[PDB]
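S.K.: Structure incoming, see below.
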Amino acid sequence: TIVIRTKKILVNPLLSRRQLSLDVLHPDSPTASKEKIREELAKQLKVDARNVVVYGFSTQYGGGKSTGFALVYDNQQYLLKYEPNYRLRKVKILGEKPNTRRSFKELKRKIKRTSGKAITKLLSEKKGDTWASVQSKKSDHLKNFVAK
Amino acid sequence: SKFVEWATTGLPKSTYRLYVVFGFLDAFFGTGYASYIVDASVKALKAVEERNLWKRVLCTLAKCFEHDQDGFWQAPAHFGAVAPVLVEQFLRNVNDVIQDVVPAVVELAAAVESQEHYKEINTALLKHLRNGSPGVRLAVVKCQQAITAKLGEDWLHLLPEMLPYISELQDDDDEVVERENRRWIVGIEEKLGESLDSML
């Protein structure tokens, strides 16, 4: 199978995590799937898989070696507060990313031309996804998850 | 019918019984048959000492769980007699039988799902949670685990006792239970979620 060598590692107590460079050796098989790399790593570190997030990879011009960077968080409860909204939909935890631009630009249109009376109403119709909403969803992953 | 009569005659008035006879029954065991089998299975559980005989029957119940499932009547009809025989076994008997008993509860639970032995079993597990070698521990952890999966139903109250059971184990420094304890923790995570807080 694969052979991973961990390369450059820092210790960030601030965001409570350790950052490391990864060098996957797959001489034979094609680039490793982030997923599979996620676990062969968690095993060498001996840490829950979901508390280890791996991002950015490459693949030297045909040679079976891929470089990448990963993250080790101690509390998935920390990981959930720090990681980016986009990395979460990626583990299928946060979800969708609907097209805000267009409509938001159009509401600006109406609102900029009204008095408070209606404005409030309009606002009660701008494409969802509040941050207040992002949190409640983040929170639910919090309680409902426990293990390792 | 005739076979049962001879075996019954063998009992302490005059062993063939638990060891060889039970083993034979186990073989025949390995749903249509379940009604006919019931009394014989019952005898096997009852004869604690033909311990080996008892172990074989207890083991058979587990096998019946996997084959029959809900049909097994763990939730259904068959369970009610079996659970009290099993419960009685604990109540009254080689120590070695009990661990097998505790794991069987798990297999029974997996099959039945929703049926209500829970108060008595979980409590029994609690007392057992206290020692008897790791043999008992492995068994207790196993019983919690199939109970947790089996339901996909209640048990939340117990999670804090269970993890603390695991915690005590952690200090102990001795192995087979480790695998079982790990299996339970993963199972808890799936059901409960938030159990991380207790772990931390």
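By order in the structure tokens, chains are A, B, ...; within a chain, residues start at 1; ligands start at 1, following the order shown.
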Report as an MDAnalysis selection string the set of chain A residues whose atoms approach chain B to within 9 Å, with distances computed over only C-alpha atoms.
M.R.: chainID A and resid 75 141:148
S.K.: Identify, on the basis of only C-alpha atoms, every residue whose closest approach to residue 137 of chain B does not exceed 9 Å; exclude the query and any residue fewer than 5 positions from it along the same chain; express the result as a ChimeraX atom specification.
M.R.: /B:99,128-132,142,169,177,180-181
S.K.: For residue 108 of chain B, work out the shell of residues within 12 Å, counting only C-alpha atoms and skipping chain neighbours fewer than 3 positions away, then give it as a PyMOL selection string.
M.R.: chain B and resi 58-76+78-80+82-83+86+101-105+111-118+121+142-151
S.K.: Quick one, how far is atom CA of residue 52 of chain A from atom CA of residue 72 of chain A?
M.R.: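 Computing the Euclidean distance for atom CA of residue 52 of chain A and atom CA of residue 72 of chain A yields 4.7 Å.
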S.K.: Can you work out the spacing between atom CA of residue 71 of chain A and atom CA of residue 53 of chain A in Å, to one decimal?
M.R.: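 So the two atoms, atom CA of residue 71 of chain A and atom CA of residue 53 of chain A, lie 5.1 Å apart.
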S.K.: Apply DSSP to the backbone of this structure and, from segment 30-181 of chain B, keep only the residues in alpha helix (DSSP H); write these as a PyMOL selection string.
M.R.: chain B and resi 34-46+51-68+77-91+95-112+118-128+133-151+159-172+176-181
S.K.: So, with only C-alpha atoms as the atoms that count, which of B:53, B:162, B:42, B:110 lies closest to residue 16 of chain B?
M.R.: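 The closest residue to residue 16 of chain B is B:53.
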